[PDB]
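Protein chains in written order, with the UniProt record's numbering: chain A, 9 to 84; chain B, 2 to 206; chain C, 3 to 87; chain D, 1 to 78. Here the structure is laid out as structure tokens; the discussion comes afterwards.
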Amino acid sequence: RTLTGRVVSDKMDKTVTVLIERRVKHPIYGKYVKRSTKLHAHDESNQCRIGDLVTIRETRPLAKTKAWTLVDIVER
Amino acid sequence: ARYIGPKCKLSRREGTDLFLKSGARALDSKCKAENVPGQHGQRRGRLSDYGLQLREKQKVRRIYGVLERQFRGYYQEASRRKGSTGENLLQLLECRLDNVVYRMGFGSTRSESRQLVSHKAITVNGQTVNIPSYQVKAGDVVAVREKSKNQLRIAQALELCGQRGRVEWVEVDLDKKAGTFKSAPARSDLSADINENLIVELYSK
Amino acid sequence: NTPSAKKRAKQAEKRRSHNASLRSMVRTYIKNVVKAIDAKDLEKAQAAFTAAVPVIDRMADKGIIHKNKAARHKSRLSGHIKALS
Amino acid sequence: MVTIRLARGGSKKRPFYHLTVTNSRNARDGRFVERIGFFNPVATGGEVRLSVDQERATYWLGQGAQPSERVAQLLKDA
RNA sequence: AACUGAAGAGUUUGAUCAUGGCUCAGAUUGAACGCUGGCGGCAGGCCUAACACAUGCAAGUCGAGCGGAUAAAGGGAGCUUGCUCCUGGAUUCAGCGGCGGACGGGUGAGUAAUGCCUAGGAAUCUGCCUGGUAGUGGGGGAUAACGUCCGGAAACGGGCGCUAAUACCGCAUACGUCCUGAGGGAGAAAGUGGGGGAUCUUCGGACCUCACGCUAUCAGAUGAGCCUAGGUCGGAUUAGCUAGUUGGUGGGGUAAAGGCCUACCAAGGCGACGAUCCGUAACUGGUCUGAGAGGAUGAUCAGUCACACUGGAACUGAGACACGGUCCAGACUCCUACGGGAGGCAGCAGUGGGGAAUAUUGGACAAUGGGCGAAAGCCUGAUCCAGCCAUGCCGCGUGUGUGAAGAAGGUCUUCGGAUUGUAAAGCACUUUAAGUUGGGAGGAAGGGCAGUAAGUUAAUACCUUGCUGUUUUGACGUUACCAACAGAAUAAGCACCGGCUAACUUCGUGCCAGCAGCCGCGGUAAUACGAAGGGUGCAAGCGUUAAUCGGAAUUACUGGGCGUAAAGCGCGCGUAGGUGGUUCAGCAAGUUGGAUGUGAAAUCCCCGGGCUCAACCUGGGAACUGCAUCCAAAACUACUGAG
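Below, the structure written as structure tokens:
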């Protein structure tokens with residue numbers, strides 16, 4: 009289990025925010041829409057930029073509404 | 002619920018022989034089957050298109066003696082089985098016990114065979130059956146109970162088997178009165194006056 | 003009612019009063035250590051820590067506090083004595 | 001505890017039991033862990049009275065399943 | 001084992017084609033009502049006031065935990081038929097304790113969310129069960145009962161005096177446990193019962209053995225608590241919402257991660273992919289229609305959640321913030337000596353009330369199950385069974401044959417007849433169900449007692465286990481089922497008949513009364529109103545009303561439209577978003593194929609098997625369209641690199 013998204017926020021302290029896109033299909037009209045997903049990955053070293061491409065995985069909860077962490081930065 | 006009442010009058014509307022009266026005396030002498038019953042037995046003209054399908058369904062339903070709650074129950078078991086619901090609807094009416102007593106020839110009417118079953122006088126596998134709905138299988142040795150083998154209702158009816166012949170899927174023994182249902186009938190021993198393509202179409206709409 | 007619920011009613015205060023004595027005694031031997039930390043006392047808290055470890059653990063196998071709760075005070079209070087060195 | 005006991009299915013005056021393994025504090029007709037056989041007292045003709053499977057009964061009875069009074073004999077008479 | 005069905009009609013007009021509404025034919029319900037009414041199987045029965053409740057009963061059990069008081073048989077003596085006392089003691093239960101009342105039964109008020117489904121994972125707990133491992137050493141102080149005093153209308157409360165335990169508390173020891181930094185430090189226990197070779201001794205006892213119980217701990221199952229991701233009704237004439245609010249740090253707190261809590265720090269967080277707010281509603285496996293796609297809907301059965309007169313709150317405990325527990329506040333009934341008390345049928349019956357509308361103050365513990373004791377036994381309004389109600393599905397009767405002078409009798413008529421009609425009558429047979437009499441299984445596994453053989457042992461003493469023998473047990477119950485007797489006797493309605501639509505003529509009535517699902521009939525000849533004959537549909541039922549889905553290609557994904565029938569913004573530019581010319585190369589996110597884990601059981605479907613058949617019950621398979629993890633393929637789309 010390993011996801012991938014891009015960063016939109018650096019405002020908080022040791023906390024980053026990703027967007028994970030997703031193509032689900034519509035159940036009756038047979039068309040693939042795009043619907044988003046927005047998590048709070050636990051940053052660890054205050055070193056990611058707005059516009060990166062990072063990789064997350066799931067741990068036990070660290071604060072509330074923050075259970076995902078940072079694996080590694082893939083590309084700028 | 003049976004049908005108790007006049008019995009030429011059913012044969013007199015549909016306009017056929019229909020084999021309801023018992024003896025071989027005469028059709029259209031006890032009956033006078035020339036006309037539609039009732040007062041206005043002379044006026045006729047243009048059976049409706051729905052009325053033709055109901056007239057075919059009511060004909061088959063009065064040869065055998067079912068009612069419609071039972072008759073639609075046979076129609077469900079026809080559409081369950083594989084292929085040719087018209088033929089399957091007939092072969093569930095042939096395997097019924099009151100028909101096979103009539104085919105062996107243990108009665109004059111078909112309604113007489115219903116009464117001989119109903120008074121426990123008929124056995125199927127060596128044990129008593131008194132239900133006029135028992136679906137018999139291939140190879141069931143229908144025999145007559147020994148307490149009533151001396152009834153003249155059965156003895157006289159075997160001379161009424163002379164105007165019938167054997168239907169060539171049974172065999173009857175005129176000494177011990179123990180018939181044997183050999184196999185299922187085919188779609189050649191049944192008369193072509195009944196139609197398997199009007200009753201099926203009636204139960205759609 | 004029953005003559006059996008009125009027995010479990012009388013048998014509740016005989017344990018409520020009995021457990022409260024065994025429960026509050028634990029907390030007095032812990033507040034003696036914590037009030038001795040705040041005055042920056044190295045050997046005063048060390049004497050209170052010694053004669054309060056047997057009081058907590060003897061009240062643990064009686065079944066008053068749970069055995070994982072007694073495992074929690076002993077870890078943290080050691081972490082404040084090594085911070086006075 | 002877990003236990004091996006008998007359910008009850010069928011009409012009036014014609015029972016048909018089921019060897020189930022259940023937690024003990026459940027209903028008769030309620031939930032169960034799994035089912036292993038049946039028991040038909042009024043079996044006649046081509047019907048089979050006892051139909052226990054010895055594989056899962058080897059498995060559960062080695063892990064503290066606790067049988068009933070009738071099941072004390074139905075596993076015995078195999 | 002794998003498996004198939006799709007119908008139209010009437011109505012806008014002098015008439016026609018089209019667009020478009022409306023209405024009917026179908027299958028269904030926890031149904032209600034009207035007319036009528038023989039039977040048996042299998043089912044179901046407060047959908048409204050979660051509105052109040054008279055009276056019965058629904059969770060107790062252990063004397064192989066310990067006091068105490070009842071004291072049998074019997075051992076008796078004595079005295080003269082009976083008492084006296086004595087001796088043992090079997091019973092028996094108010095009290096302390098161990099367990100259990102957190103399971104089983106009930107109801108749908110609340111909640112638009114992580115409640116409930118599906119897929120995952122990590123930070124924990126778990127009495128009774130199973131497998132192990134190490135034990136089960138000694139000691140003390142109180143307490144109810146019972147005494148006795150005092151107070152209270154009671155419901156009860158208070159004091160002094162006495163005794164016991166597997167109650168309670170120190171002390172001793174301890175891994176294979178906790179904390180610690182290695183080093184070191186800390187913590188437990190309970191005994192009763194059956195026997196007995198030897199020996200100490202009052203085999204009071206020690207003693208050995210067995211059964212049981214208890215204390216640490218690891219593992220397994222079982223149950224439980226948490227977190228993530230997704231899906232989850234209508235309203236945009238609801239567009240901004242939020243300061244433990246959103247993160248960080250330090251400290252607390254809980255079995256367990258966390259603003260769970262607190263102190264400072266920082267100014268964030270969510271929102272048009274619909275936040276917030278309003279309105280309603282318990283969800284799910286499934287049921288009902290449909291050819292299918294879908295559409296409605298969550299009665300009985302099963303899983304999960306939420307409540308127990310209203311609002312709070314914790315204790316006890318393995319596990320409750322507890323339906324027959326505790327405390328408080330309130331409302332409402334009742335008691336009282338006026339001081340004070342008592343109670344909670346959304347357990348099974350039942351009453352009142354509401355309403356179109358919904359059942360007996362039953363029978364038992366025999367079965368399956370639970371609780372305690374394993375020693376039998378004891379409790380059980382959950383269960384298993386009966387009673388009531390055409391409330392539904394499935395089955396069977398209400399006779400069968402012969403019989404034309406074609407009888408009366410009825411209705412109609414061109415007056416000739418036709419029709420009711422072989423239908424009756426007459427004649428010959430038959431007796432299921434109901435009635436009556438006799439017979440009669442299966443649901444029964446055990447328990448007691450006795451005997452015997454195995455292994456426990458120091459002692460085949462006890463006890464456990466095979467087996468033998470003997471004895472005992474059913475609410476249902478007059479059982480299903482079988483035989484005999486009576487005699488055709490015991491047993492048919494309901495709507496409709498102008499068109500859709502199967503089936504028709506006379507008589508009253510005359511724009512009156514009346515009919516009606518739509519078209520619409522009735523003004524003096526009505527096949528439409530009211531009757532009478534006749535006839536057609538269904539039957540132990542038939543009709544109307546209410547309510548869903550079909551037909552409706554009438555919200556059109558499968559499957560429609562926009563020149564004039566309703567329907568193209570007055571025209572531009574443009575953000576989010578949707579779609580992408582052409583060559584290679586890469587990649588594998590879509591896509592196809594396969595494997596594994598899952599998708600509870602039931603239900604539906606297929607092949608069988610049992611009840612005289614069927615409904616009903618039941619074995620094996622398919623299916624549950626899903627989601628996740630792996631393996632491969634590379635045409636097309638996406639992404640990447642070059643043109």
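All C-beta atoms, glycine included, are put in the ideal place defined by N, C-alpha and C.
Query, Result
"Buried or exposed (CB count within 10 angstroms, at least 16 for buried), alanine 73 of chain C", "exposed"
"Endpoints, alpha helix (DSSP H) assigned at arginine 17 of chain C", "7-39"
"Per-residue burial, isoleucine 58 of chain A [other beta carbons within 10 Å of its own, 16 or more giving buried]", "exposed"
"Beta-ladder partner(s) of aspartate 80 of chain A, from DSSP", "A:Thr63"
"8 Å CB neighbourhood of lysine 74 of chain A in its chain, flanking five on each side removed", "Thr23, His48, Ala49, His50"
"Bridge-paired residues (DSSP) for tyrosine 40 of chain A", "A:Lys33"
"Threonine 52 of chain C, DSSP secondary structure in three states", "helix"
"Euclidean distance between Cα positions of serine 30 of chain B and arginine 13 of chain B", "12 Å"
"For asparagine 3 of chain C, the residue or residues it bridges with in DSSP", "DSSP, once it has assigned bridges, lists no residue as partnering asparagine 3 of chain C."
"C-beta atoms of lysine 46 of chain A and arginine 30 of chain A nearer than 8 Å", "no"
"Between the CA atoms of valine 26 of chain A and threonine 10 of chain A - distance to the nearest angstrom", "14 Å"
"Where the beta strand (DSSP E) containing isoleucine 4 of chain D begins and where it ends", "2-6"
"Inside the stretch 98-127 of chain B only - alpha helix (DSSP H) runs reaching at least 4 residues", "98-105, 111-119"
"Where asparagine 23 of chain D sits in the DSSP three-state scheme", "strand"
"Close Cβ partners of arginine 28 of chain D (< 7 Å) along its chain, the five nearest in sequence each way excluded", "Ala7, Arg8"
"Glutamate 69 of chain B burial status per 10 Å Cβ neighbour count (16 or more: buried)", "exposed"
"Same chain only: Cβ atoms within 8 Å of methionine 27 of chain C, ignoring 5 sequence neighbours per side", "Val57, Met61"
"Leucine 55 of chain B - containing alpha helix (DSSP H), residue span", "50-65"
"For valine 201 of chain B, the nearest candidate out of B:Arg56, B:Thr86, B:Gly52 (CA to CA)", "B:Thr86"
"Boundaries of the beta strand (DSSP E) in which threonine 23 of chain A is found, first to last residue", "Counting along the chain, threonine 23 of chain A falls outside any beta strand (DSSP E), and DSSP gives it neither H nor E."
"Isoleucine 5 of chain B classed as buried or exposed, judged by whether at least 16 other C-beta atoms fall within 10 angstroms", "exposed"
"Three or more C-beta pairs below 8 Å linking the stretch 180-200 of chain B and the stretch 50-58 of chain B", "yes"
"Exposed unless 16 or more other CB atoms sit within 10 angstroms - verdict on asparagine 100 of chain B", "buried"
"Pick from B:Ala122, B:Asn131, B:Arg104 that is closest to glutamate 172 of chain B, judged by C-alpha positions", "B:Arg104"
"Same chain, Cβ closer than 6 Å to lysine 177 of chain B, five either side skipped, listed in chain order", "none"
"Own chain, CB closer than 6 Å to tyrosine 75 of chain B, minus 5 neighbours either side, in chain order", "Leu93"
"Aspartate 63 of chain C versus C:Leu24, C:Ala7, C:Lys16, C:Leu79, residue with shortest Cα-Cα distance", "C:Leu24"
"Contact check, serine 24 of chain D vs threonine 3 of chain D, beta carbons under 8 Å", "yes"
"Per DSSP, the bridge partner or partners of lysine 74 of chain A", "A:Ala71"
"Identified DSSP bridge partners for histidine 50 of chain A", "A:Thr23, A:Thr77"
"Proximity of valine 143 of chain B and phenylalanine 182 of chain B at Cβ, strictly below 8 Å", "yes"
"Beta-carbon gap between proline 133 of chain B and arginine 115 of chain B smaller than 8 Å", "yes"
"Which of helix, strand or coil DSSP assigns to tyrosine 59 of chain D", "helix"
"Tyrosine 17 of chain D classed as buried or exposed, judged by whether at least 16 other C-beta atoms fall within 10 angstroms", "buried"
"N-terminal and C-terminal residue of the alpha helix (DSSP H) that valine 16 of chain A is part of", "Not the alpha helix (DSSP H): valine 16 of chain A falls in the beta strand (DSSP E), residues 11-17."
"Option nearest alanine 50 of chain C by Cα separation, candidates C:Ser87, C:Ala14, C:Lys76", "C:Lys76"
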